[PDB]
Amino acid sequence: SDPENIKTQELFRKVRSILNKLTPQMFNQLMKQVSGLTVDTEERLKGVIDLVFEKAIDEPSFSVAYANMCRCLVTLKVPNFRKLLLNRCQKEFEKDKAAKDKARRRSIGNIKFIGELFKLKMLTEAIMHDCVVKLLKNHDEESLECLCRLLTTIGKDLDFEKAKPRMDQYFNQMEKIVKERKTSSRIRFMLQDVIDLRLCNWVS
């Protein structure tokens, strides 16, 4: 395409610039920055979105920022945003199903980001369940703490009358992890907190 290839180039560079400020940008400045972008193509929206995930995978810690970034991009029409997001998210999942004990570390980062996106309504409760199942699968301290923090924050939202059964199972799997002391008493107290919470109808 040649001349278009040039604008797609500048777009991507502008987006890498936005993401590459060593000091995470807050929402307001994000809206002004994103308004200086031209995402007029699906290949472009998908590329920008890819750029964001790649950054969020490198610095999971700033996933609140990147999620806010995404929150700004969803204010654009292109010849369907959440769809590309979901698709992009399930990519890590559909790929995680394929030191594969270091994949857990990367998995924790991704889930933190995905959870940040879910908190801004850009993702489905269905993908959160995938996350929970993935966290229970790996029963290491990091995964469990991620699980405890996640469920503490979004637990009741996921706890819908129709999801009650799967949630019932998650929590019974956690109690089992407690009962068997192959985990630190610390993680065991954290686990018992999420269980206490739920038993208390998610009221503190």
Side-chain angles (χ1 to χ4, degrees), residues 19 22-24 52-70 85 88-90 92-93 98-100 103-104 106-120 122-136 138-159 163-175 177-181 183-204:
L19 300 147
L22 196 33
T23 286
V52 174
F53 272 77
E54 280 168 40
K55 231 302 172 298
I57 300 305
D58 177 57
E59 296 166 55
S61 303
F62 296 158
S63 50
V64 161
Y66 305 128
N68 277 312
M69 234 282 230
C70 284
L85 251 198
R88 185 66 187 83
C89 283
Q90 298 206 325
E92 290 289 311
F93 293 145
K100 225 244 278 60
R104 281 159 198 165
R106 180 200 176 160
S107 158
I108 305 308
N110 188 53
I111 299 171
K112 177 178 177 65
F113 179 45
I114 287 176
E116 219 47 60
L117 285 179
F118 171 83
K119 287 192 260 183
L120 295 173
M122 297 176 281
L123 292 183
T124 67
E125 313 173 69
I127 198 67
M128 292 312 273
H129 278 280
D130 274 354
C131 294
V132 168
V133 168
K134 173 60 181 174
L135 291 174
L136 280 168
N138 349 329
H139 64 310
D140 66 294
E141 267 184 47
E142 275 195 70
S143 287
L144 293 185
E145 183 158 8
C146 181
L147 176 62
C148 284
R149 287 175 172 272
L150 192 71
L151 288 176
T152 293
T153 280
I154 62 165
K156 75 170 173 184
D157 293 317
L158 292 183
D159 223 3
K164 297 297 183 193
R166 281 173 295 167
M167 215 59 67
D168 280 4
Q169 190 165 64
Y170 295 151
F171 287 70
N172 291 343
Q173 297 186 69
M174 295 174 247
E175 195 279 331
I177 290 166
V178 168
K179 211 173 182 195
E180 282 290 317
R181 308 204 164 211
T183 50
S184 58
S185 58
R186 171 198 164 238
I187 291 290
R188 201 182 303 131
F189 270 106
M190 287 191 83
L191 287 166
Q192 288 191 315
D193 251 45
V194 195
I195 297 170
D196 280 346
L197 229 202
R198 199 195 179 205
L199 291 186
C200 279
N201 332 321
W202 305 100
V203 176
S204 185

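Note that these values count all heavy atoms, side chains included, but never hydrogens, waters or copies made by symmetry. We count residues from 1, following the sequence as given.
- Residues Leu120 and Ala67 approach most closely at CD1-O, 3.8 Å, considering heavy atoms.
- With sequence neighbours excluded, the residues satisfying side chain to side chain donor-acceptor pair (under 3.5 Å) with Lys55 are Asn20.
- Closest of all the heavy-atom pairs between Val52 and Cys70 is CG1-SG, 4.0 Å.
- Not counting sequence neighbours, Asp196 has no partner by the salt bridge (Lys or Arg N to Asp or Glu O under 4.0 Å) test.
- Partners of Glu59 under the side chain to side chain donor-acceptor pair (under 3.5 Å) rule, at least two apart in sequence or in another chain, do not exist in this structure.
- The line from CZ of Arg149 to CG of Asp193 is 11.5 Å long, rounded to the nearest 0.5 Å.
- Residues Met174 and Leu136 meet the side-chain proximity criterion, which asks for heavy atoms closer than 4.5 Å.
- Side-chain atoms of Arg188 and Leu144, non-hydrogen and from C-beta on, never get closer than 4.5 Å to each other.
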Pair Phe93-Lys134, side chain to side chain contact (heavy atoms under 4.5 Å, CB included): steps then yes or no: CA-CA 9 Å; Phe93 293 145; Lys134 173 60 181 174; 5.6 Å; no

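- To the nearest 0.5 Å, atom CG of residue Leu85 and atom OG1 of residue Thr124 are 10.5 Å apart.
- Between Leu151 atom CG and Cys146 atom SG the span is 9.5 Å, to the nearest 0.5 Å.
- Contact of the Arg166 side chain with the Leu158 side chain is not registered, since no non-hydrogen atoms from C-beta on lie closer than 4.5 Å.
- Between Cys89 and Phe53 the shortest heavy-atom distance is SG-CZ, 3.6 Å.
- Among residues two or more places apart in sequence or in another chain, the side chain to side chain contact (heavy atoms under 4.5 Å, CB included) test is passed with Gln192 by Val178, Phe189.
- Put simply, CE on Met69 and CG on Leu117 are 12.0 Å apart, with the number rounded to the nearest 0.5 Å.
- Here the straight-line distance linking atom CD of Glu116 with atom OG1 of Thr153 works out to 9.0 Å at 0.5 Å rounding.
- Heavy-atom minimum distance, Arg198 versus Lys164: NH2-O, 3.5 Å.
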Begin with the C-alpha distance, continue with both residues' side-chain angles, and end with the deciding distance and a verdict on side chain to side chain contact (heavy atoms under 4.5 Å, CB included) for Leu123 and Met128. CA-CA 8 Å; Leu123 292 183; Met128 292 312 273; 5.7 Å; no

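- Side-chain atoms of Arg106 never come within 3.5 Å of backbone atoms of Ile57 as a donor-acceptor pair (strictly under, hydrogens ignored).
- Note on ring orientation: taking the six-membered ring where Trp is involved, the planes of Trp202 and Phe171 are perpendicular (angle over 60°, cut-offs 30° and 60°).
- When the options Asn110, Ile154, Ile114 are evaluated for a side chain to side chain contact (heavy atoms under 4.5 Å, CB included) with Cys131, the one that passes is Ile114.
- Atom CG of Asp159 sits about 11.0 Å away from atom OH of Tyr170, to the nearest 0.5 Å.
- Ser143 and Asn138 get closest at one heavy-atom pair: CB-O, 3.1 Å.
- By the side chain to side chain contact (heavy atoms under 4.5 Å, CB included) test, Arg186 is found to be paired with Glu141, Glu145, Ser184, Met190, residues two or more places apart in sequence or in another chain being considered.
- Evaluation of the side chain to side chain contact (heavy atoms under 4.5 Å, CB included) rule for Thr152 yields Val194, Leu197 as partners, not counting sequence neighbours.
- For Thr183 against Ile177, the heavy-atom pair with the smallest separation is OG1-O, 3.7 Å.
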